[PDB]
């Protein structure tokens, strides 16, 4: 079997030249090969223009090849952070590659010829998040790392004290929202449906022409009532003002790129009701409706004859209305300025951790009325708020853990509803018509309403249920499926879950189904008494829960174990969710100190070995994993992660110490005498030379360093820079 270690960009790329050689050496003792595959921005660019490269220049298509491997049982991929190219990065890499002799074309700013359109199309295939779509062939398994969990028990982050008088509460809709208006069905045969809009004029309008559906696929139809929404919003504005608490709105404008910016607009107009009551007609016509935030509005006023007048009306609105949660008080930026500034899954946990407070214009903590329009998930947060007001803040040193098994395969549910979300312009009805004419789903709609369709396939669902059983079985932690009895969609999934659980051996397992609210209560009841509960949820709750609990338990959701059980039985282990940190590379170029933290790679590697143990019966891989777990605990116990300052331990130094501790554990363990015998001399060697190696790894730091490039650094220079201590390299190479 072989593990594929992704060769990426910037910081993690540098770290890879130091860590991968060690991983390969250690993995080999369990009969595991470790190979790199190039998915760097530079490599993916070259992959698009093979016809422009000489035979020796061609790189093939590593990403495409990994996509294929991911569909086979042999897949064991460790995925490190990489660049999701912006136009500037793309342009910069193009130039560097050209300077290196790769005769690739310029990035067309505006395609004005057939050649440019073609070139642009190929470059667009490389821009942005091009990697994840290809590698994530499955559902999500995310857990708080126990090595991290154990550290936090020793050094707990700060949790804001909670008062039983807290006035903080989530405000959400009682009806007429996505949750209550949702209708869901399960196709019993493949079908190519269509979404129509029939007005009162009977005038039927086609919203979505062709939608291919598979047998067993779950399809939902729902609508958000603009009328009920505005009524709700105005009520909350008044309540926040009446109670003297901060008004805040928590949406996900970035991911839900269609529905949420629109809902954000309603929030803005609701807050500045008087302004739009006086200049509505004008403002909306000018496109200044708040869907781009208050900032977009204000800047657009300097384009109107009465801009200064309207601008004063807004300023009056801010002084008269309830105080707003602040994004940046120093710049007067409120919750309402930019739609994407406040993102629900990030903002709610922070507020809960901070005694249920957000910040006012005077940079002071204050209770808040947290508006979450749709009620599908608002109850989860509300349940935690009431619990904290009742029992106090959670205690990181004794609290249990709540992992997540999430349904996300093939843009499952809401995260794939973007091309099926429409802003209703006229009263009437929207219907999903079968290929034969039958009306599968139909909703009464009114101008300004938001109609949405979601879909999730059967295989993803069966795999999700299997993953839940697997995690409960392997961890011994009870699993709870979070399904809302009030949602047609969830009611459909509940029956499928009940059906598919029967395909598994669940004797001895504690598995059940509860509404998101009941599930949250049980989970936090147990967490407070130091017990654990796996949350098995849909896509959105997966996105919320993997932020919520890790932040409460660890103070951050940044250090997580992230696994994607691949379709064909293989595994994808993501080391981190951030970027490839360009500033870290800059520091290496400036003073040869890499502060990139490889903790995520250590964690993912241990799980990768366990994949081999549990799925390919590699017992030696489990021994390697157990020793690596202990080595990581010690690295953290001695605070040997990279320091941010030159002259102090950096990425290379952390690798050495992890390696030393790992060899020690392997030489000390008694499960495999052979492995013990193989590592005894390695540990011995690393130990006598530790003092010299550690000093040498501090000595190399200090001055300017030349990587021979940036997006396409020079192979020989990188190796020389990242593996500078011969004493260490020789111990590793000998293995």
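Numbering follows the first chain given and starts at 1.
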- prompt: Mean CA B-factor: is it higher for 655 to 663 or for 431 to 439?
  reply: 431 to 439
message: Please compare 515 to 523 with 95 to 103 and name the stretch with the higher mean C-alpha B-factor in the deposited structure.
response: 95 to 103
task: Identify, among 639, 281, 629, 607, the residue whose C-alpha carries the highest B-factor in the deposited PDB entry.
output: 281
- line: Residue set 622, 332, 571, 403, per-entry CA B-factor max assigned to 332
- prompt: Once the chain's modelled residues are ordered by C-alpha B factor and cut into thirds, is residue 687 in the lowest, middle or highest one?
  reply: middle
task: Grab the CA temperature factor for residue 78 from the record and place it in the lowest, middle or highest third of its chain.
output: lowest
- prompt: Within this chain, which third does the Cα B-factor at residue 56 fall in: lowest, middle or highest?
  reply: highest
statement: Temperature factor at the Cα of residue 578, chain-ranked in thirds, falls in the middle
- prompt: Within this chain, which third does the Cα B-factor at residue 643 fall in: lowest, middle or highest?
  reply: middle
